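Here is the structure we will look at.
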Amino acid sequence: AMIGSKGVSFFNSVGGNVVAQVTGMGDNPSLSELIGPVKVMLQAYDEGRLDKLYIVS
Amino acid sequence: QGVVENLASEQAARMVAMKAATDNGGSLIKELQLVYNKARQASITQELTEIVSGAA
Amino acid sequence: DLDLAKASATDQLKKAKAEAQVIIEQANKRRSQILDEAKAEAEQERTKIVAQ
Amino acid sequence: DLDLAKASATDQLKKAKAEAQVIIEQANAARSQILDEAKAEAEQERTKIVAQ
Amino acid sequence: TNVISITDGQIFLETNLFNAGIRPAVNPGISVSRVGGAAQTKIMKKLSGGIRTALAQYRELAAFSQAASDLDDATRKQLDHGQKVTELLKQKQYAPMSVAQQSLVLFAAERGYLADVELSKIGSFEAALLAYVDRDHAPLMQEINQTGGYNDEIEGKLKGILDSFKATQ
Amino acid sequence: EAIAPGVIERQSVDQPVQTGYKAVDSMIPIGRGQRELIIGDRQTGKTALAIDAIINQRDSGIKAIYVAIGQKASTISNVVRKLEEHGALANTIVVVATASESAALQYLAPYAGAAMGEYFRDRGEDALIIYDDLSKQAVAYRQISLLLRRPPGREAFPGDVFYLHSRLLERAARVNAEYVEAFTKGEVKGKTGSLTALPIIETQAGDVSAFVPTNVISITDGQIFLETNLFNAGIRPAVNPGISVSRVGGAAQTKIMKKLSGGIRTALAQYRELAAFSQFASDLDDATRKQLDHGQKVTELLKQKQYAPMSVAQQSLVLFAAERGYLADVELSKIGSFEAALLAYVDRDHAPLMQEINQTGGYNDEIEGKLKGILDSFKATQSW
Amino acid sequence: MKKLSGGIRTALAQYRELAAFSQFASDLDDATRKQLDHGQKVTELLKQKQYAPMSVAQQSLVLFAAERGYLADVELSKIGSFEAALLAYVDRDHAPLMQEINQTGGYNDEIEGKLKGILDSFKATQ
Amino acid sequence: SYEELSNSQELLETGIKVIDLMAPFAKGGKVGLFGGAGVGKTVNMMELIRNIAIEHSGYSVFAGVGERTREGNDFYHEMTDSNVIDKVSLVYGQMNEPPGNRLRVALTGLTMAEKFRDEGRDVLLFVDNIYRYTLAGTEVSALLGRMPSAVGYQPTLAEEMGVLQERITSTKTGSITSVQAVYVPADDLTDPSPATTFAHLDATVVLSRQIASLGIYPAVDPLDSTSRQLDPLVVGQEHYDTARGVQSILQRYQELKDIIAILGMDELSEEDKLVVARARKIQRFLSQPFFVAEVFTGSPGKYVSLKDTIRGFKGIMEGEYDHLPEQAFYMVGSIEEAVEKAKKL
Amino acid sequence: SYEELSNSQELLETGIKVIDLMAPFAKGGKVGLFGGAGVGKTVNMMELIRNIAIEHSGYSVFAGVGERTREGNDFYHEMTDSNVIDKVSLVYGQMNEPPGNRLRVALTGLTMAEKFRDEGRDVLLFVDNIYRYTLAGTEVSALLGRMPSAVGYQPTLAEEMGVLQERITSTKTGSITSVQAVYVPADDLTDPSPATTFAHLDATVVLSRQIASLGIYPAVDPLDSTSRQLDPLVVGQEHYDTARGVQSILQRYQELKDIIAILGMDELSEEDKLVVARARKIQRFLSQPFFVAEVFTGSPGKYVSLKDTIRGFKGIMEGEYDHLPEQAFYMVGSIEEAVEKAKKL
Ligand SMILES: Nc1ncnc2c1ncn2[C@@H]1O[C@H](COP(=O)(O)OP(=O)(O)OP(=O)(O)O)[C@@H](O)[C@H]1O
Ligand SMILES: Nc1ncnc2c1ncn2[C@@H]1O[C@H](COP(=O)(O)OP(=O)(O)OP(=O)(O)O)[C@@H](O)[C@H]1O
Ligand SMILES: Nc1ncnc2c1ncn2[C@@H]1O[C@H](COP(=O)(O)OP(=O)(O)O)[C@@H](O)[C@H]1O
Ligand SMILES: [Mg+2]
Ligand SMILES: [Mg+2]
Ligand SMILES: [Mg+2]
């Protein structure tokens, strides 16, 4: 799951599977935008699609 | 919280990069000025040699 | 769906079978063209050099 | 099976396209050899004529 | 450039190093002797080795390291070794030293005896080593100053002298 | 020494002399009677371009004159051997003034070639004269003037150096039929003669502000700039589309080539500007992306190997393939093989259209339709 | 004029450095923001039409207006019209003060108070 | 003499956007077209001739100082075919002629124009290239025993330049309107020959190779061109305000482009981004196809009135056309058809 | 005479990677080493002597013009110690000599070489410094009553250089291979003396002080070095393609360096970073330990075949060795030695 366009571009060049993206927070980022990708990653995790989750920062 | 901390780290990294860039520009300016001064002296000397030679 | 599948299979088989044959035949045509050109130009060059 | 139509085409098209390239390369080598040998024979004819 | 094309080399003194307190301010990479090692005494030729090229590489490595660094183990050793040998090369004016005292400080430099001594003590280490070797190893200093030769026997003598001094610092 | 034809004796330049180079023939046309400066630094291909222009005339009917000022004799031997390896030598006159010969011979060498070319020009035949390194002629004249104790001007050159090159280059001109009839006393009627000059100037570091380069740029009807950066980048011939210009322009081209290249030259210049602008922007508008990709592919397209002139029909076909968007999907590296395969395919399968284009040079709706059909057939059936 | 011009000198000196920050002045100390919007307005005030010389009274009046912070709330786009209106107002209602300033060029509390009254009375209009 | 001069600055329209806007002509004034080799001086002068001299309804003189013979022949045939040669007299000294002919040829044209003026007529005087006159003087000077000066020019450079230029004036009896092309060696405006002539003209149009490198002709530099007539008393407040606005916008863009080149456009303020966009639009809108250059471009030429130019630049300075692309303006003509190219783009 | 001249394309192999890669030269051709003061012209010439003398059994002529006497004595002694002296004729006029000896000394060496050539042999000519000949001409020119030219050189500079250079040519009766070192005053490659020499040479190797300051030897500049022989017909396609690829990669690195200087490498695109990484490896690989330089470096010299250098450079450009550090390539003879150095870093 991807936050920010730089990661989007780099991992599209690498060709890794990206399931979700959000961009354009700039300064003063909001949790409201973040609710989405975390929701879909949770959906993947609890349905068995994902077994462990890491935050990279 | 991770997002906010990454934003703060980005700001710190940009500050450092801009300091480095300012120092690099300041280092480039003086070398350009030395080259310009060499050219400035050379042009005066060449043109005065030409003027003196032309007064045969 | 069964009709579409059989029709598409036949169409793509026919198309690929034609196209690959065309490609190989025209590659043979290009090879023959190069060979003929070389064969002619060899004697053209020799006929220039003898007059030289 | 319908989804293999593209697969079955790639089993023929790209392979023939690649083979055309080596078919052309062998003719290129033949052309180069023919022209080089023609030059090498013409020079030995010219030298003989001028030496006469 | 006219003068350089005549002489057999040049010693380039750099104003930046002189301002930085590195005096003598001999800039390697530009400075060179074109007769090379043939002039040197055997012992000095052996101990000096690649010092000038190591310093020339280190002075560029330190310039690049200010921006970013990789291979931070080997580069760290190179940087600290270069910095300590530059600190060792600085010498006061009106203060010449014979080939003997020169030979042994280069031995301490290149054999790794200075590797774990801090920068703020390099000059004091050098002065203490000179005073120490002046006391009881005088015959070896005389021998080195008479003949600038190198051999395994004086090699072992210098090694033992360095070990004993490093013990009693 | 002879005067150039006056104003009333000349006729407008409206006929092509084909260089055989895609870049030069497209962006910078040369006409029969034009003076086109070739200018650039050392070892950038100035001599190669001119000798290829001489080689291309073997079957166009234009006589060729190659004047060598101050070059070493072995270079002239190699040039003559290369002209003799093709059929060009029998159509060419070579005037030689090696570096060893006295300054008088070197400085007079261009005028002798000018008179030899003027022989053909007054009888109604076309001649192409290459002045190689007029800078060396200026150097020889400076030596002569300084030995005569004449007052040196700027850069130690004599003051009248401009008059030398100006009166030399003004002989190259196209004369109307009336002047030819008057000269021939009625033996030749209805034919106009022309002399085309291609002077070569060497710049030291791209510095066009030097005395001789400024004079020659002022005199000539245009210049072709070759520069070291493009040559090292692999763009050979290293023709800079921005600073190079032809003052005769479209009137010298055949109709089809004019139609194709007119947009091309300024499109490439503005592409270079945009590529300067865009270099760090992550987001490109689709129009800007089109311009950048098209410019990169066109820049790749104009590269051409030495001693391989292309006929008008082939250049027209490749420029049509570039202009009408067919090149777009092809990856950049394959563009050269695309061009070679297209040339071979069209030569084997569509010879009559090539003959028609080469002979007529005309352009019409049916011509465009046939070219479009050829492009579609090649792109479908063939492989690069 | 000697009393007043030091403010202009220092305002322009400060404004010169902040011109680099002008591109992204949205994120700045409010003190720096005030300095920037004061330097900009002073620079806008200094422009003048050809063939229109201003007497010492008028230059001193507009300089007093700029220095004492009366332009703080005036928009950069409108500075010139403010200046013209002020000059017309003082030429209409307060000519004797301008006459005295042109005759003497003196400065004291009795003059600064009069100028304060002039500017407060004008600011109610326009 | 001083008493005979006149100041009748009657505005003259040329039909070129940048010339009419930035550097308006005046009847009886002197106009100089500065530029290096290959920037468009000759085609600009041809367009100016086709516009004014045909409609002028009066005699005109063309002085071909140091011109190329081919170009002089082409111009003569152009005047003959258009059937206006009967109103114009031509004096030609070509490059191949010895330095005396090039040195003195301009004075012959000046003498003919002065003869026409003293009759009381209004005449147009066109000079092919003033610079070549000084070059002929420099050629002859060294042999004449004079010592060199400056960049190797003759010492009397300014005296000769003043002597020639001061005869081209509009007196109370008649007016002479003159357009002069001035060669700029290596595009260095610092050179004494272009530097001296600057003071003698009234409107100065500077062609820059830097603009010409982009292919956007007429390649007139708006930030260097100027005219004495560009003040409110003549042009009216509308024209003056429009010209000043365009100048300021282009000046701001010239600074912003330096930031853009290295740091990239995202570092600018959104207002600075808008300024960059609208300035880059105006820069292209100043271009205009001339129908004396169809041979080069292959496109029809356009003629524009002053009012339409003013309205178009006003509209581009405001928000009316922020949505059009940059290429939508290139070599278009009036603003009323830039939208059409945008739709076509 | 022009008739007597003979053409030859037999490539002459050298042990030096950069020279025979970028600027190969043929038997009987001219080679010119351009450089400033101290960049290493003499060392390169000595290495060329050592390598070329291996496969050439004919006579050789060495003409020292205005160089150090010490170098002449060392060369003579090392020739005598190797018992090869009996094949070499040595003409020495050094810098200590008055101007006449330095001016005329080169012609004596040329006359000996011409005597050996007309006998029908294959000769090798080495000129220690061709620049001093023109310098002696400049010194004596003023006293001969000739006005100065250009930068104060004699007016006859070009003729004086040409008359000397034209005699060093291979002929149908015999061949002369020539290597000439060309001093560059004040590192100004645009000076008239270096500028004139460029046209007389077949292959030109330019040495740069900036590269030498990096410690890279030989300090050959690959973007200025050029040879007539770099032609696909003679060298073949693979060598040509490798050379042009190296040239393009280094040109791209030069283009990127200005951005790198200010913004640092981090701003580059991921392909640009790969270009930089490969260019630095190429620059390192061009270095080579010389047998004559062992007295300086200590490390033993290397001889590199043309096949090994072309294979190694093609492998580097293809990216096979992208996992190795830069230092692995510094001062290695061949690519296998480079990978062996990598194991110990
Ligand atoms: N189109 C081309 N493609 C590839 N190589 C080329 C091309 N044109 C020229 N060259 C090569 O460039 C080199 C220099 O060419 P050329 O001798 O014509 O240059 P020049 O500018 O006349 O040089 P000089 O200053 O020595 O007279 C030669 O090796 C030649 O083969
Ligand atoms: N392969 C090499 N390895 C190490 N050092 C080298 C190498 N080649 C040249 N040098 C360095 O070049 C320096 C000067 O070389 P050299 O004497 O040949 O210069 P030069 O260009 O002939 O100078 P000059 O103009 O003074 O005659 C030497 O001191 C040596 O250190
Ligand atoms: N307005 C224009 N439109 C199209 N091309 C132009 C224009 N101005 C200049 N050019 C190009 O510049 C070239 C030289 O123009 P010209 O005016 O003859 O040069 P100069 O200014 O040196 O006389 C022409 O061939 C033409 O292609
Ligand atoms: Mg050449
Ligand atoms: Mg023009
Ligand atoms: Mg040397």
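Order determines the names: the first chain of the structure tokens is A, the second B, and so forth; residues in each chain are numbered 1 upward, and ligands are numbered 1 upward as they are shown.
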
List all protein, DNA and RNA residues that have an atom no more than 8 Å from any atom of ligand 3, counting only C-alpha atoms and all ligand atoms, and report them as an MDAnalysis selection string. (chainID F and resid 218 221:222 245:249) or (chainID H and resid 35:45 183 212 215:219 288:290 293:294 296:297)

Output file for the residues above (N, CA, C and O atoms, as a compact mmCIF listing (two decimals), in the first residue's frame):
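That gives us result30.txt:
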```txt
# COMPACT_ATOMS: atom_id res chain seq x y z
N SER F 218 28.93 36.96 -42.38
CA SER F 218 28.25 38.11 -42.97
C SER F 218 28.06 37.94 -44.47
O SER F 218 27.03 38.34 -45.02
N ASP F 221 25.16 33.12 -47.70
CA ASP F 221 23.71 33.01 -47.68
C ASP F 221 23.20 32.05 -46.63
O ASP F 221 22.04 31.61 -46.71
N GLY F 222 24.02 31.68 -45.66
CA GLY F 222 23.61 30.78 -44.61
C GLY F 222 24.80 30.01 -44.09
O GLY F 222 25.90 30.10 -44.61
N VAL F 245 20.97 27.88 -40.63
CA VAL F 245 19.88 28.49 -41.38
C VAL F 245 20.27 28.56 -42.84
O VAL F 245 21.45 28.72 -43.18
N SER F 246 19.28 28.41 -43.72
CA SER F 246 19.43 28.65 -45.15
C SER F 246 18.57 29.84 -45.53
O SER F 246 17.36 29.84 -45.27
N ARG F 247 19.18 30.85 -46.16
CA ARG F 247 18.43 32.05 -46.51
C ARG F 247 17.65 31.90 -47.81
O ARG F 247 16.82 32.76 -48.11
N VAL F 248 17.89 30.85 -48.58
CA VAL F 248 17.08 30.58 -49.76
C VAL F 248 15.83 29.78 -49.39
O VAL F 248 14.74 30.05 -49.90
N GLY F 249 15.98 28.81 -48.49
CA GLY F 249 14.83 28.12 -47.94
C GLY F 249 14.08 27.29 -48.97
O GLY F 249 14.67 26.67 -49.86
N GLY H 35 20.40 43.60 -35.18
CA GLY H 35 20.44 42.16 -35.07
C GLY H 35 21.71 41.61 -35.67
O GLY H 35 22.40 42.27 -36.45
N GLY H 36 22.02 40.38 -35.27
CA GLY H 36 23.13 39.66 -35.84
C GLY H 36 22.79 39.11 -37.21
O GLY H 36 21.73 39.35 -37.77
N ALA H 37 23.74 38.36 -37.76
CA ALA H 37 23.51 37.72 -39.06
C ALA H 37 22.48 36.61 -38.93
O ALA H 37 22.59 35.75 -38.05
N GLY H 38 21.49 36.62 -39.81
CA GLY H 38 20.51 35.55 -39.84
C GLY H 38 19.42 35.62 -38.80
O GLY H 38 18.95 34.58 -38.34
N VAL H 39 19.00 36.82 -38.41
CA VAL H 39 17.94 36.97 -37.42
C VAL H 39 16.64 37.49 -38.01
O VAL H 39 15.60 37.38 -37.36
N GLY H 40 16.66 38.05 -39.22
CA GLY H 40 15.42 38.44 -39.86
C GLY H 40 15.33 39.90 -40.23
O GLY H 40 14.24 40.42 -40.46
N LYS H 41 16.47 40.60 -40.28
CA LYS H 41 16.44 42.02 -40.61
C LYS H 41 15.92 42.24 -42.02
O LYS H 41 15.09 43.13 -42.25
N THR H 42 16.37 41.43 -42.98
CA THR H 42 15.98 41.65 -44.37
C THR H 42 14.50 41.36 -44.58
O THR H 42 13.80 42.14 -45.24
N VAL H 43 14.00 40.25 -44.03
CA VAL H 43 12.59 39.93 -44.22
C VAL H 43 11.71 40.92 -43.49
O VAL H 43 10.63 41.28 -43.98
N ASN H 44 12.14 41.39 -42.32
CA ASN H 44 11.38 42.42 -41.62
C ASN H 44 11.33 43.70 -42.44
O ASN H 44 10.27 44.35 -42.54
N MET H 45 12.45 44.10 -43.05
CA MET H 45 12.44 45.30 -43.87
C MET H 45 11.58 45.11 -45.11
O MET H 45 10.90 46.05 -45.54
N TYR H 183 23.83 45.88 -38.69
CA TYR H 183 24.45 44.62 -38.35
C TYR H 183 25.13 44.71 -36.99
O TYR H 183 25.83 45.69 -36.70
N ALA H 212 15.46 33.87 -31.85
CA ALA H 212 15.48 33.24 -33.16
C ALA H 212 15.89 31.77 -33.08
O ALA H 212 15.49 30.97 -33.93
N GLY H 215 13.06 29.60 -33.21
CA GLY H 215 12.26 29.63 -34.42
C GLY H 215 11.05 30.54 -34.38
O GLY H 215 10.31 30.59 -35.36
N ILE H 216 10.84 31.28 -33.29
CA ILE H 216 9.68 32.15 -33.16
C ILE H 216 10.01 33.53 -33.72
O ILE H 216 10.48 34.42 -33.00
N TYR H 217 9.80 33.69 -35.02
CA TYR H 217 9.95 34.99 -35.65
C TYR H 217 8.69 35.84 -35.40
O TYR H 217 7.63 35.29 -35.10
N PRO H 218 8.78 37.18 -35.52
CA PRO H 218 9.85 38.08 -35.98
C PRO H 218 11.07 38.18 -35.07
O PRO H 218 12.00 38.89 -35.41
N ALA H 219 11.04 37.49 -33.93
CA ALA H 219 12.17 37.43 -33.00
C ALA H 219 12.53 38.79 -32.42
O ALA H 219 13.66 39.00 -31.97
N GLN H 288 4.13 36.40 -35.44
CA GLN H 288 3.17 36.70 -36.50
C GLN H 288 3.73 36.29 -37.85
O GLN H 288 4.86 36.66 -38.19
N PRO H 289 2.98 35.54 -38.65
CA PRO H 289 3.46 35.19 -39.99
C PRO H 289 3.38 36.37 -40.93
O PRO H 289 2.37 37.08 -40.99
N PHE H 290 4.46 36.59 -41.68
CA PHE H 290 4.51 37.62 -42.70
C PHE H 290 4.31 36.98 -44.06
O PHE H 290 4.95 35.98 -44.39
N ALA H 293 7.26 35.84 -46.31
CA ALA H 293 8.03 34.71 -45.83
C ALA H 293 7.32 33.38 -46.05
O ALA H 293 7.72 32.38 -45.45
N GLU H 294 6.26 33.36 -46.87
CA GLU H 294 5.57 32.10 -47.15
C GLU H 294 6.51 31.06 -47.73
O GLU H 294 6.30 29.86 -47.53
N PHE H 296 9.46 30.43 -46.76
CA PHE H 296 10.08 29.74 -45.64
C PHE H 296 9.05 28.91 -44.87
O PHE H 296 9.21 27.69 -44.73
N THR H 297 8.00 29.56 -44.37
CA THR H 297 7.05 28.88 -43.51
C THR H 297 6.13 27.94 -44.28
O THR H 297 5.86 26.83 -43.84
```

Quick one: everything within 6 Å of region 8-17 of chain D, counting only C-alpha atoms, minus sequence neighbours fewer than 4 positions away in the same chain. Send it as a compact mmCIF listing (two decimals) with N, CA, C and O atoms, in the first residue's frame.
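Saved to around.txt:
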```txt
# COMPACT_ATOMS: atom_id res chain seq x y z
N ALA C 16 -2.51 -16.91 -37.12
CA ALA C 16 -1.11 -17.14 -36.79
C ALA C 16 -0.44 -18.03 -37.83
O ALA C 16 0.71 -17.78 -38.23
N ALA C 20 2.84 -16.40 -39.77
CA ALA C 20 4.19 -16.93 -39.61
C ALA C 20 4.76 -17.41 -40.93
O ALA C 20 5.95 -17.17 -41.22
N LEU D 4 -6.27 -18.95 -24.42
CA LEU D 4 -5.01 -19.44 -24.97
C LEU D 4 -4.81 -19.05 -26.42
O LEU D 4 -3.77 -19.38 -27.00
```

At a cut-off of 12 Å, which residues of chain I touch chain B? Count only C-alpha atoms and give the answer as a PDB file with N, CA, C and O atoms, in the first residue's frame.
```
ATOM      1  N   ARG I 146      60.711  41.253 -38.509  1.00  0.00           N
ATOM      2  CA  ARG I 146      59.380  40.865 -38.951  1.00  0.00           C
ATOM      3  C   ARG I 146      58.353  41.293 -37.913  1.00  0.00           C
ATOM      4  O   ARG I 146      58.545  41.063 -36.714  1.00  0.00           O
ATOM      5  N   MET I 147      57.276  41.920 -38.375  1.00  0.00           N
ATOM      6  CA  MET I 147      56.250  42.411 -37.469  1.00  0.00           C
ATOM      7  C   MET I 147      55.593  41.246 -36.732  1.00  0.00           C
ATOM      8  O   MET I 147      55.438  40.160 -37.300  1.00  0.00           O
ATOM      9  N   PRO I 148      55.204  41.431 -35.476  1.00  0.00           N
ATOM     10  CA  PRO I 148      54.554  40.345 -34.738  1.00  0.00           C
ATOM     11  C   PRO I 148      53.151  40.083 -35.252  1.00  0.00           C
ATOM     12  O   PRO I 148      52.501  40.957 -35.830  1.00  0.00           O
ATOM     13  N   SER I 149      52.688  38.858 -35.037  1.00  0.00           N
ATOM     14  CA  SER I 149      51.355  38.433 -35.430  1.00  0.00           C
ATOM     15  C   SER I 149      50.633  37.801 -34.250  1.00  0.00           C
ATOM     16  O   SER I 149      51.264  37.294 -33.320  1.00  0.00           O
ATOM     17  N   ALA I 150      49.300  37.834 -34.304  1.00  0.00           N
ATOM     18  CA  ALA I 150      48.458  37.118 -33.353  1.00  0.00           C
ATOM     19  C   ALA I 150      48.844  37.395 -31.906  1.00  0.00           C
ATOM     20  O   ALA I 150      48.613  38.492 -31.389  1.00  0.00           O
ATOM     21  N   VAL I 151      49.428  36.395 -31.250  1.00  0.00           N
ATOM     22  CA  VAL I 151      49.785  36.452 -29.837  1.00  0.00           C
ATOM     23  C   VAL I 151      51.270  36.767 -29.732  1.00  0.00           C
ATOM     24  O   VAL I 151      51.932  36.398 -28.758  1.00  0.00           O
ATOM     25  N   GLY I 152      51.803  37.438 -30.748  1.00  0.00           N
ATOM     26  CA  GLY I 152      53.216  37.728 -30.815  1.00  0.00           C
ATOM     27  C   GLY I 152      54.051  36.662 -31.480  1.00  0.00           C
ATOM     28  O   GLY I 152      55.282  36.752 -31.442  1.00  0.00           O
ATOM     29  N   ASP I 258      27.362  19.032 -14.284  1.00  0.00           N
ATOM     30  CA  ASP I 258      26.996  20.372 -13.836  1.00  0.00           C
ATOM     31  C   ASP I 258      25.828  20.339 -12.859  1.00  0.00           C
ATOM     32  O   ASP I 258      25.817  21.091 -11.879  1.00  0.00           O
ATOM     33  N   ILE I 259      24.844  19.476 -13.107  1.00  0.00           N
ATOM     34  CA  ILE I 259      23.747  19.290 -12.163  1.00  0.00           C
ATOM     35  C   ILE I 259      24.255  18.642 -10.883  1.00  0.00           C
ATOM     36  O   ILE I 259      23.841  19.001  -9.774  1.00  0.00           O
ATOM     37  N   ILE I 260      25.135  17.650 -11.026  1.00  0.00           N
ATOM     38  CA  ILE I 260      25.665  16.949  -9.859  1.00  0.00           C
ATOM     39  C   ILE I 260      26.392  17.920  -8.940  1.00  0.00           C
ATOM     40  O   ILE I 260      26.310  17.812  -7.710  1.00  0.00           O
ATOM     41  N   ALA I 261      27.101  18.890  -9.518  1.00  0.00           N
ATOM     42  CA  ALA I 261      27.898  19.808  -8.710  1.00  0.00           C
ATOM     43  C   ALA I 261      27.030  20.598  -7.740  1.00  0.00           C
ATOM     44  O   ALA I 261      27.412  20.804  -6.582  1.00  0.00           O
ATOM     45  N   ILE I 262      25.856  21.041  -8.185  1.00  0.00           N
ATOM     46  CA  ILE I 262      25.001  21.870  -7.345  1.00  0.00           C
ATOM     47  C   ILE I 262      24.061  21.004  -6.520  1.00  0.00           C
ATOM     48  O   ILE I 262      24.122  21.009  -5.287  1.00  0.00           O
ATOM     49  N   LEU I 263      23.192  20.244  -7.188  1.00  0.00           N
ATOM     50  CA  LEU I 263      22.133  19.547  -6.469  1.00  0.00           C
ATOM     51  C   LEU I 263      22.587  18.236  -5.842  1.00  0.00           C
ATOM     52  O   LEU I 263      21.860  17.685  -5.009  1.00  0.00           O
ATOM     53  N   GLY I 264      23.752  17.723  -6.213  1.00  0.00           N
ATOM     54  CA  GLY I 264      24.179  16.418  -5.762  1.00  0.00           C
ATOM     55  C   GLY I 264      23.539  15.306  -6.568  1.00  0.00           C
ATOM     56  O   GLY I 264      22.590  15.501  -7.328  1.00  0.00           O
ATOM     57  N   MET I 265      24.073  14.099  -6.381  1.00  0.00           N
ATOM     58  CA  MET I 265      23.676  12.974  -7.219  1.00  0.00           C
ATOM     59  C   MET I 265      22.260  12.502  -6.913  1.00  0.00           C
ATOM     60  O   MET I 265      21.633  11.846  -7.752  1.00  0.00           O
ATOM     61  N   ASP I 266      21.739  12.828  -5.728  1.00  0.00           N
ATOM     62  CA  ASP I 266      20.447  12.292  -5.310  1.00  0.00           C
ATOM     63  C   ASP I 266      19.311  12.732  -6.225  1.00  0.00           C
ATOM     64  O   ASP I 266      18.333  11.995  -6.393  1.00  0.00           O
ATOM     65  N   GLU I 267      19.413  13.920  -6.823  1.00  0.00           N
ATOM     66  CA  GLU I 267      18.329  14.422  -7.661  1.00  0.00           C
ATOM     67  C   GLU I 267      18.206  13.683  -8.987  1.00  0.00           C
ATOM     68  O   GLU I 267      17.176  13.809  -9.655  1.00  0.00           O
TER      69      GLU I 267
END
```

Output as a PyMOL selection string all residues of region 131-285 of chain H that backbone DSSP marks as strand (DSSP E). chain H and resi 176-183+203-206+226-227

Can you pull out the residues contacting residue 105 (chain G)? Cut-off 10 Å, using only C-alpha atoms, and skip same-chain residues under 5 positions away; I want them as a PyMOL selection string. chain G and resi 1-2+56-57+60+98-100

Hey, can you spit out that residue selection with N, CA, C and O atoms as an mmCIF file, in the first residue's frame?
```cif
data_model
loop_
_atom_site.group_PDB
_atom_site.id
_atom_site.type_symbol
_atom_site.label_atom_id
_atom_site.label_comp_id
_atom_site.auth_asym_id
_atom_site.auth_seq_id
_atom_site.Cartn_x
_atom_site.Cartn_y
_atom_site.Cartn_z
ATOM 1 N N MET G 1 13.581 66.430 6.010
ATOM 2 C CA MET G 1 13.924 65.321 5.128
ATOM 3 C C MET G 1 15.003 64.443 5.743
ATOM 4 O O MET G 1 14.957 63.214 5.618
ATOM 5 N N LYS G 2 15.991 65.053 6.398
ATOM 6 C CA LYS G 2 17.011 64.262 7.079
ATOM 7 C C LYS G 2 16.395 63.413 8.181
ATOM 8 O O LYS G 2 16.788 62.258 8.381
ATOM 9 N N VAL G 56 9.329 70.130 -1.555
ATOM 10 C CA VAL G 56 9.816 69.474 -0.345
ATOM 11 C C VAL G 56 8.668 69.175 0.609
ATOM 12 O O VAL G 56 8.687 68.159 1.315
ATOM 13 N N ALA G 57 7.643 70.029 0.632
ATOM 14 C CA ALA G 57 6.501 69.777 1.503
ATOM 15 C C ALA G 57 5.791 68.483 1.127
ATOM 16 O O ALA G 57 5.448 67.679 1.998
ATOM 17 N N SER G 60 8.007 65.380 1.821
ATOM 18 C CA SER G 60 8.024 65.161 3.259
ATOM 19 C C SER G 60 6.699 64.603 3.755
ATOM 20 O O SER G 60 6.687 63.738 4.632
ATOM 21 N N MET G 98 1.892 73.642 4.071
ATOM 22 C CA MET G 98 2.802 73.357 2.971
ATOM 23 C C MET G 98 3.680 74.559 2.661
ATOM 24 O O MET G 98 4.867 74.400 2.358
ATOM 25 N N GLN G 99 3.119 75.766 2.743
ATOM 26 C CA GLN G 99 3.916 76.967 2.515
ATOM 27 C C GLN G 99 5.028 77.088 3.547
ATOM 28 O O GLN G 99 6.180 77.378 3.206
ATOM 29 N N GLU G 100 4.700 76.858 4.818
ATOM 30 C CA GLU G 100 5.712 76.961 5.863
ATOM 31 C C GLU G 100 6.796 75.909 5.678
ATOM 32 O O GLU G 100 7.988 76.196 5.858
#
```
